[PDB]
Amino acid sequence: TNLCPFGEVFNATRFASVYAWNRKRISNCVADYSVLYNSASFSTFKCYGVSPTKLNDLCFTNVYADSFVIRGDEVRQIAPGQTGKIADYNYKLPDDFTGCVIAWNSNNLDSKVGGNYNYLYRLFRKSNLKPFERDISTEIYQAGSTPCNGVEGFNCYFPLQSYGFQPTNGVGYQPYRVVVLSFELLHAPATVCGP
Amino acid sequence: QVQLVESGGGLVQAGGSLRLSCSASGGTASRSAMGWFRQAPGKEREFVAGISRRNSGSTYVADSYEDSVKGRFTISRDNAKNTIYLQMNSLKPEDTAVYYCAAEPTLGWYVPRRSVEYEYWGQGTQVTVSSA
Ligand SMILES: *[C@@H]1O[C@H](CO[C@@H]2O[C@@H](C)[C@@H](O)[C@@H](O)[C@@H]2O)[C@@H](O[C@@H]2O[C@H](CO)[C@@H](O)[C@H](O)[C@H]2NC(C)=O)[C@H](O)[C@H]1NC(C)=O
């Protein structure tokens with residue numbers, strides 16, 4: 001009977017940095033996705049393996065809500081088969097992804113005069129993330145042939161870079177809050193259905 | 001005896017098109033019906049399309065289709081290459097699945113339809129359909 005806590009996710013005060021993205025698993029609840037697809041606030045609402053209109057008719061074992069902040073140019077990387085700093089080093093979707101990617105401009109919330117430097121992204125990594133893998137380490141990245149000894153220097157970089165969100169940034173460089181919904185269907189009793 | 005290798009999967013927008021190929025290694029393939037199955041997440045393997053074996057002295061070809069893909073999907077078999085194709089038009093989000101190629105030795109123009117009625121299977125190719 002109880003409704004799914006989608007409000008806790010979409011309307012959370014603070015969102016996670018993309019390198020340390022947040023995940024909430026949702027189960028044993030009634031999901032009304034109509035609040036989502038009807039609203040005009042989202043600038044991205046692309047689904048994979050499901051039609052957005054029929055979401056209230058489907059039943060799943062679990063629904064996963066991953067949320068973080070990236071800049072506008074990088075929302076596109078939140079899709080299966082994508083490549084780039086975000087898709088390779090921060091948040092990676094699987095090829096068999098079933099779910100929806102939802103994003104909206106958050107410049108009024110996540111930028112500040114002088115810059116918001118709380119939102120970080122990983123810029124280097126020795127190898128690509130696996131699907132839904134998370135890397136929160138902070139070791140100096142060795143971009144050259146010479147060891148870094150744990151300190152920054154020539155070809156030796158701090159792995160996390162700040163976004164520096166200023167309200168006057170071009171819309172491509174403005175903060176976007178992203179919620180990725182993953183619909184898990186198993187040979188098991190469904191626990192998240194529509195009304 | 002029969003090795004099946006699919007290819008041609010990928011991501012595509014609702015309404016778009018896709019063409020899957022499956023090549024069969026082995027002489028047993030020529031006397032085998034061949035077909036396509038698909039498996040969505042959390043579901044059993046289900047029939048998509050099938051095509052009859054090569055029969056000497058005739059050009060007649062029997063096929064069979066799952067009703068929900070009639071007209072949108074077409075199965076075809078290459079002459080003397082033992083490769084089958086699945087032309088996939090007007091794709092819907094609900095077409096998302098792993099698509100498997102299958103082969104089954106049989107007699108005459110029979111096209112089997114259950115997954116337990118095909119012996120040989122490929123590894124699968126992923127098809128994902130998006131919708132704005
Ligand atoms: C996220 O919140 C919006 C807006 O929340 C409103 O303001 C808050 C401070 C609080 O007072 C909420 O209770 C308010 O509703 C939600 O959008 C509202 O949704 C309701 C129900 O669909 C609708 O009647 C209102 O008109 C909507 N308001 C606006 C401005 O669109 C939204 O539903 C919340 N998201 C989720 C996933 O729950």
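All positions are counted from 1 along the displayed chain.
If you're wondering, the header gives X-ray crystallography, 2.0 Å.
Quick reminder: no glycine exception, Cβ is built from N, Cα and C everywhere.
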A:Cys100: disulphide-bonded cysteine as recorded in Swiss-Prot, out of A:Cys47, A:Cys148, A:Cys156: A:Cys47
Sequence-ordered recorded positions from A:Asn11, A:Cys100, A:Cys148, A:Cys156 with Cβ under 6 Å of an atom of ligand 1: A:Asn11
Surrounding residues of the region 'Disordered' (A:123-158) on its own chain - C-beta under 8 Å, 6+ positions past either end: 19-21, 23, 66, 85, 88-95, 97
Residues from the recorded positions A:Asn11, A:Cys47, A:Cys100, A:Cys148, A:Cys156, A:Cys193 that lie close to chain B, Cβ under 8 Å, in sequence order: A:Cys47
Entries of A:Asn11, A:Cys29, A:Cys47, A:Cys100, A:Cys148, A:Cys156 which, being recorded positions, have CA atoms within 10 angstroms of A:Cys193 (disulfide bond): A:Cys29
Fewest-neighbour residue among disulfide-bonded residues, criterion Cβ within 10 Å, set A:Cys47, A:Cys59, A:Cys156: A:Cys59
Residues in the region 'Disordered' (A:123-158) grouped by DSSP into helix, strand and remaining coil: 0 helix, 5 strand, 31 coil
Residue pair A:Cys47 (disulfide bond), A:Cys29 (disulfide bond) - Cα distance, angstrom, rounded: 21
